[PDB]
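A.B. asks: Let me begin by handing over the structure; questions about it come next.
Reconstructed Cβ throughout: ideal geometry from the backbone, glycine too, with neighbour counts over all protein chains shown. Numbers and lists here come from the model and the stated rules, or from a named source; no laboratory read-out is quoted.
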Amino acid sequence: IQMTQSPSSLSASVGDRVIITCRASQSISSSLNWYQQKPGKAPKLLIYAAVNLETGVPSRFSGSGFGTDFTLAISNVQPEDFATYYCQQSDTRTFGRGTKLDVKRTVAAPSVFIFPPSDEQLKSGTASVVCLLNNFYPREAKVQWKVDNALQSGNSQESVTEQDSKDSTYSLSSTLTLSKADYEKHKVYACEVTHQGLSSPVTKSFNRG
Amino acid sequence: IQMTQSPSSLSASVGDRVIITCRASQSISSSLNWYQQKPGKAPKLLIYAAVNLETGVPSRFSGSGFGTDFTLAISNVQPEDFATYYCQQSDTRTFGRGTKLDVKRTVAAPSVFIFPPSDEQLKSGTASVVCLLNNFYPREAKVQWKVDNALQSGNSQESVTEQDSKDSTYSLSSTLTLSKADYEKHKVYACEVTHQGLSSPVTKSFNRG
Amino acid sequence: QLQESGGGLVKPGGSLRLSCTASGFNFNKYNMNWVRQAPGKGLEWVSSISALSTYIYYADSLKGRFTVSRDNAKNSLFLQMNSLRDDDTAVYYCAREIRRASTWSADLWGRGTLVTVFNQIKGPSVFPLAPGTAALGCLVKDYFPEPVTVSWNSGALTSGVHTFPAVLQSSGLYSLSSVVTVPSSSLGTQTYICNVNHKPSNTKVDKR
Amino acid sequence: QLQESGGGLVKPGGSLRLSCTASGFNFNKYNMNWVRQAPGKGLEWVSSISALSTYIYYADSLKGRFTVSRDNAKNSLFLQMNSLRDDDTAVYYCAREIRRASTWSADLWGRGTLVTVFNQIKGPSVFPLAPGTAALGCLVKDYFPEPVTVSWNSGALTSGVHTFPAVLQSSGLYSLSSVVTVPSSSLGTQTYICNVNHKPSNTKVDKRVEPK
């Protein structure tokens, strides 16, 4: 009983019709559930037994399917409806990989910034470097940290904002954590960004330490 | 079974004979244990069944008693001996209040210092004031914090060092931790010490809060 | 030859399982007990359990809240504490018991595991993040628990502000960043302030 | 309402017991389940338990390490996890299951509590203690886990040095103090530096103390 979901990523605009499909390796009859999870929130049940809708679910959400193939449809996608969706095998309680639904938009290159460690923080004994991507679409981005010629990962923690309502863009904050002794040993610091809108890697740096 | 230990605190000098006593509310025959705990170390069994010495224990340690009254005697107190001691009722495994043995010496007055918060710490957003008592006997001492001739209660931490082998004196560090906003609001900051060697309470203060 | 585990920070009303593993001797043939010493206080016996788990005894004060268990196959001892409280803050020792002279004495002991019951609260440390179109920000760095409120210019700055979601560091402390898009011309003439409020620590900060 | 508790930091190889408390519904009549989601990953079903504990189901991967129990008198259910691993870092939700159309669905969910499996390491923040005998010092603060070793002048200065025992702060981080008694005259002509080593973070900080 392996559960597959399609599409893995979907981009839609308000007023469009969105369709997610979940295929089961073998027939599960109508024992298929659909859930909605918004970023950083607990899941919500939409449909149960393939076609039956839960209370509090907008009627624009519709369920269909029998046997192996099932479908979830949002008739008039709204800003509220953009979230991550899953299919679960009701009897076996097996969840699907999930589908992320975000607003459709033209590719926008990120605006890169690199902020050096603050003199206030350096006195404490710890130094943290921040690389900022401000307004880009799609969300997918590759951030690399190189100190002097090369640095590897394991020191970096990343954070991405949720898509903006007005501009439909994402912003990313990558923070590199270093010790005072280790930071002052090296002079150059840099971060490299890669993204569909970026034809060539954008790398911004500062020289002190 | 209720048991009492006396003396609660005892001071001796190397080469002395030290006597500690444990009393039982009812007769417990020979069901009494003696332990010693050095600072920041696990308890160690010295005497079991009132009179029996545990393996690896110096012979100077001696146990005696039957019924209600028992005694632990150290014939030749040595630097290793100086520690805290407990008596446990063997049948009920109930411990006594405990007895503290420290090196005896002349009363010495503490040297008080007060250290203002470093601007480096204030940049972070925290303010720490430190008051340092040093090289004083007996260990008992009271430290009070005053800001605007106003006493502080729950924002103080104290830490005492172990008795020094060479001079048998103590030292204590009291720290007043405040928010960056709190430190700026007030001007004066002081710590008041009172101790047997101090005929009058000693107060050290600074301004420019 | 007894090593202890399971110590840490517990919320008031929480639960924790302490463990003591034995080496160098037959754990299966020997009885065991648990003793605790609160900071700057005397040792207090907690529980005793037989080598076969046949006989088990607890302290009256720790009634209904503590449970002791052991698996001799794994040569391990266990203390399960529930409904934990501040009075339970102490270093817990595991010790081997030996029956000599029709009495029970503790001859082996463990180094100890520290259990402290309190709500963790750390105030945030705010650090500046300054560089035609420019970006500046604030870093809240270490704090606990999560909720932190960031505003710029006492609420004057609006849409340029993007406050990133908190990330948990290796320190066990949450850290977030707040950025804002501003005119490059304003860098010389205007000052931008970030108001970070962390109510658990009752802290209100303005930076830059 | 489903209220959860027990989440927090767990040392690798440790154990943790989660709790979920019920309100507003007949806890004894309804089935309950546990679900987890790793950071930046999809939802994963963990375990299910019947209303009377007659039927208990686990995920095959974590069957021997995870245990599910419930106390309907307390309107609470519990998950005991042992030999915890990095893969177990996730937010654990408790949800009620309801049988409709001869199938089970989860209609009521809990907010969730985060379980993160890792060894806590922060590192020290060193601050100077600025002052014919004068007192100097350095303040190691907000450092985890113990130990921390303080030296003065790379081991040259051993006289008058009193490194105090660490105190656990409300932050859950240890703080120690190191002081040194020196001649007041030397403050103008000599440099005093405090060398702090924290091997858990492998952090070495040197801070010079100068009069205020």
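A.B. asks: Restricting to the range A:132-150, count the residues that are buried (at least 19 other Cβ atoms within 10 Å of the Cβ) and more than 18 Å from the chain's Cα centre (by Cα).
C.D. replies: Taking the range A:132-150 as the starting set, the residues that turn out to be buried (at least 19 other Cβ atoms within 10 Å of the Cβ) are A:132-134, A:136-137, A:141, A:143, A:145, A:147.
Retained after the next criterion (residues that are more than 18 Å from the chain's Cα centre (by Cα)): A:145, A:147.
Result for the range A:132-150: 2.
A.B. asks: Taking D:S47 as the residue in question, decide whether it is small (G, A, S) and farther than 27 Å from A:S29 by Cβ.
C.D. replies: Details: small (G, A, S): yes; farther than 27 Å from A:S29 by Cβ: no.
No; evaluated as a whole, the condition is false for this residue.
A.B. asks: Oh, and also: Counting only residues that are under 22 Å from A:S27 (Cβ atoms) and either assigned to a strand (DSSP E or B) or not hydrophobic (A, V, I, L, M, F, W, C) (or both), how many does the range A:47-78 have?
C.D. replies: So the first thing to find is which residues in the range A:47-78 are under 22 Å from A:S27 (Cβ atoms), and the list is A:47-52, A:62-73.
Going one step further and asking which of them are either assigned to a strand (DSSP E or B) or not hydrophobic (A, V, I, L, M, F, W, C) (or both), we end up with A:47-48, A:52, A:62-73.
Number satisfying all stated conditions: 15.
A.B. asks: If you check B:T21, B:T55, which single one turns out to be of a type in the set (S, T, N, Q) and within 14 Å of chain C (Cβ to nearest Cβ)? Outline the logic, then answer.
C.D. replies: On the way: B:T21 fails: within 14 Å of chain C (Cβ to nearest Cβ).
Of the residues listed, the single one that is of a type in the set (S, T, N, Q) and within 14 Å of chain C (Cβ to nearest Cβ) is B:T55.
A.B. asks: Still on this structure, I have one more. Pairs, please: C-beta under 8 Å, at least 6 apart or cross-chain, first residue facing chain B (nearest Cβ under 8 Å) and in the range D:123-144, second among the acidic types (D, E)?
C.D. replies: Within 8 Å, the pairs are D:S125/D:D142; D:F127/B:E120; D:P128/B:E120; D:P128/D:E210; D:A130/D:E210.
A.B. asks: Restricting attention to the range D:158-195, which residues are polar (S, T, N, Q) and over 16 Å from D:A134 (Cα atoms)? Spell out how you get there, then give the answer.
C.D. replies: Our first condition is that a residue be polar (S, T, N, Q); within the range D:158-195, this holds for D:158-159, D:163, D:169-171, D:175, D:177-178, D:181, D:184-186, D:189-191, D:195.
If the condition is that a residue be polar (S, T, N, Q) and over 16 Å from D:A134 (Cα atoms), then D:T163, D:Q169, D:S170, D:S171, D:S175, D:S177, D:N195 are the ones that fit.
A.B. asks: So which of B:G197, B:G154 is out of contact with any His (no Cβ under 8 Å at 6 or more places or on another chain) and over 21 Å from D:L173 (Cα atoms)?
C.D. replies: Details: B:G154 fails: over 21 Å from D:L173 (Cα atoms).
Criteria check complete, one pass: B:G197.
A.B. asks: Kindly indicate the residue of the range B:1-33 that is surrounded by fewer than 13 Cβ atoms within 10 Å (Cβ to Cβ) and hydroxyl-bearing (S, T, Y) and also farthest from C:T103 (Cα to Cα) among those meeting that condition.
C.D. replies: Ranking the qualifying residues of the range B:1-33, first place goes to B:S13.
A.B. asks: Would you mind telling me which numbered condition in (1) within 30 Å of D:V126 (Cβ to Cβ); (2) assigned by CATH to the domain that holds A:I28 A:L132 fails?
C.D. replies: Exception for A:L132: condition (2).
A.B. asks: A follow-up question, please. With the requirement that a residue be among the polar types (S, T, N, Q) and in contact with a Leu (Cβ under 8 Å, 6 or more places away or on another chain), what does the range B:85-120 give you? Walk me through how you get there before you give the answer.
C.D. replies: Going through the range B:85-120, the residues among the polar types (S, T, N, Q) turn out to be B:88-90, B:92, B:94, B:99, B:106, B:111, B:118.
Passing the criteria: B:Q88, B:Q89, B:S90, B:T99, B:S111, B:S118.
A.B. asks: Let me ask something additional. Give the residues of the range D:1-46 that are more than 15 Å from D:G112 (Cα to Cα), more than 9 Å from every other protein chain (Cβ to nearest Cβ) and of a type in the set (S, T, N, Q), sorted by residue number.
C.D. replies: Of everything in the range D:1-46, those that are more than 15 Å from D:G112 (Cα to Cα), more than 9 Å from every other protein chain (Cβ to nearest Cβ) and of a type in the set (S, T, N, Q) turn out to be D:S23, D:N26, D:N28, D:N31.
A.B. asks: Ok, one more. Exactly one of (1) out of contact with any helix residue (DSSP H, G or I) (no Cβ under 7 Å at 6 or more places or on another chain); (2) at negative phi; (3) away from chain B (no Cβ under 14 Å); (4) surrounded by fewer than 18 Cβ atoms within 10 Å (Cβ to Cβ) is unmet by C:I98. Its number?
C.D. replies: Tallying (1) out of contact with any helix residue (DSSP H, G or I) (no Cβ under 7 Å at 6 or more places or on another chain); (2) at negative phi; (3) away from chain B (no Cβ under 14 Å); (4) surrounded by fewer than 18 Cβ atoms within 10 Å (Cβ to Cβ), C:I98 fails exactly one: (3).
A.B. asks: Among the numbered conditions (1) out of contact with any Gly (no Cβ under 9 Å at 6 or more places or on another chain); (2) at positive phi, tell me where D:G8 comes up short.
C.D. replies: So the condition that D:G8 fails would be (1).
A.B. asks: Also, I was wondering about something else. Here are C:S105, C:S171: which of them is of a type outside the set (V, I, T), buried (at least 18 other Cβ atoms within 10 Å of the Cβ) and more than 29 Å from A:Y170 (Cα to Cα)? Quick ask: steps written out before the conclusion?
C.D. replies: On the way: C:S171 fails: more than 29 Å from A:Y170 (Cα to Cα).
Step by step, each of C:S105, C:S171 is checked, and only C:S105 is of a type outside the set (V, I, T), buried (at least 18 other Cβ atoms within 10 Å of the Cβ) and more than 29 Å from A:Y170 (Cα to Cα).
Conditions tested, residue by residue: (1) more than 25 Å from D:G40 (Cα to Cα); (2) surrounded by fewer than 20 Cβ atoms within 10 Å (Cβ to Cβ).
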{"residue": "A:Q157", "(1), (2)": "no, yes"}
{"residue": "A:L172", "(1), (2)": "no, no"}
{"residue": "A:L176", "(1), (2)": "no, no"}
{"residue": "A:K185", "(1), (2)": "yes, yes"}
{"residue": "A:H195", "(1), (2)": "no, no"}
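A.B. asks: If you check C:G123 against the conditions, is it over 30 Å from C:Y93 (Cα atoms) and in contact with a helix residue (DSSP H, G or I) (Cβ under 9 Å, 6 or more places away or on another chain)?
C.D. replies: Working: over 30 Å from C:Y93 (Cα atoms): yes; in contact with a helix residue (DSSP H, G or I) (Cβ under 9 Å, 6 or more places away or on another chain): yes.
So C:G123 passes the test.
A.B. asks: Do the conditions hold for A:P39, that is, is it within 14 Å of chain B (Cβ to nearest Cβ) and not in a strand (DSSP E or B)?
C.D. replies: Values: within 14 Å of chain B (Cβ to nearest Cβ): no; not in a strand (DSSP E or B): yes.
No: the conditions fail for A:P39.
A.B. asks: Can you pull out the residues in the range B:81-135 that are closer than 26 Å to C:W104 by Cβ and of a type in the set (G, A, S)?
C.D. replies: Across the range B:81-135, the qualifying residues are B:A83, B:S90, B:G96, B:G98.
A.B. asks: If you don't mind, there's one more thing I want to ask. Any idea which residue in the range A:69-125 is surrounded by the fewest Cβ atoms within 10 Å (Cβ to Cβ), counting only those that are closer than 30 Å to D:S48 by Cα and hydrophobic (A, V, I, L, M, F, W, C)? Write out each step before concluding.
C.D. replies: As a first pass, look at the range A:69-125 and keep what is closer than 30 Å to D:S48 by Cα: A:69-73, A:81-101.
Filter again for hydrophobic (A, V, I, L, M, F, W, C), leaving A:70, A:72-73, A:82-83, A:87, A:95, A:101.
Numbers: A:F70: 24, A:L72: 26, A:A73: 15, A:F82: 23, A:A83: 17, A:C87: 29, A:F95: 21, A:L101: 20.
Among those that are closer than 30 Å to D:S48 by Cα and hydrophobic (A, V, I, L, M, F, W, C), it is A:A73.
A.B. asks: Just give me the residues in the range D:149-176 being more than 19 Å from A:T177 (Cβ to Cβ) and of a type in the set (A, V, I, L, M, F, W, C), in sequence order.
C.D. replies: Selection gives D:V150, D:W152, D:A156, D:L157, D:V161, D:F164, D:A166, D:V167, D:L168, D:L176.
A.B. asks: Then there's this: Filter the range A:71-97 down to the residues that are within 9 Å of chain D (Cβ to nearest Cβ) and under 15 Å from A:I47 (Cα atoms) and list them by number.
C.D. replies: Going through the range A:71-97, the residues within 9 Å of chain D (Cβ to nearest Cβ) turn out to be A:84, A:86, A:88, A:90-97.
Listed by number, the residues that qualify are A:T84, A:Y86, A:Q88, A:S90, A:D91, A:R93, A:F95, A:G96.
A.B. asks: So, one more: Please pick out the residue among D:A59, D:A73 that is crowded, with 16+ Cβ neighbours inside 10 Å and not polar (S, T, N, Q). Steps first, please.
C.D. replies: Working: D:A73 fails: crowded, with 16+ Cβ neighbours inside 10 Å.
Matching residue, one of D:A59, D:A73: D:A59.
A.B. asks: Only one of C:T163, C:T181, C:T189 is more than 11 Å from every other protein chain (Cβ to nearest Cβ) and polar (S, T, N, Q). Can you tell me which?
C.D. replies: Working: C:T163 fails: more than 11 Å from every other protein chain (Cβ to nearest Cβ); C:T181 fails: more than 11 Å from every other protein chain (Cβ to nearest Cβ).
It is C:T189.
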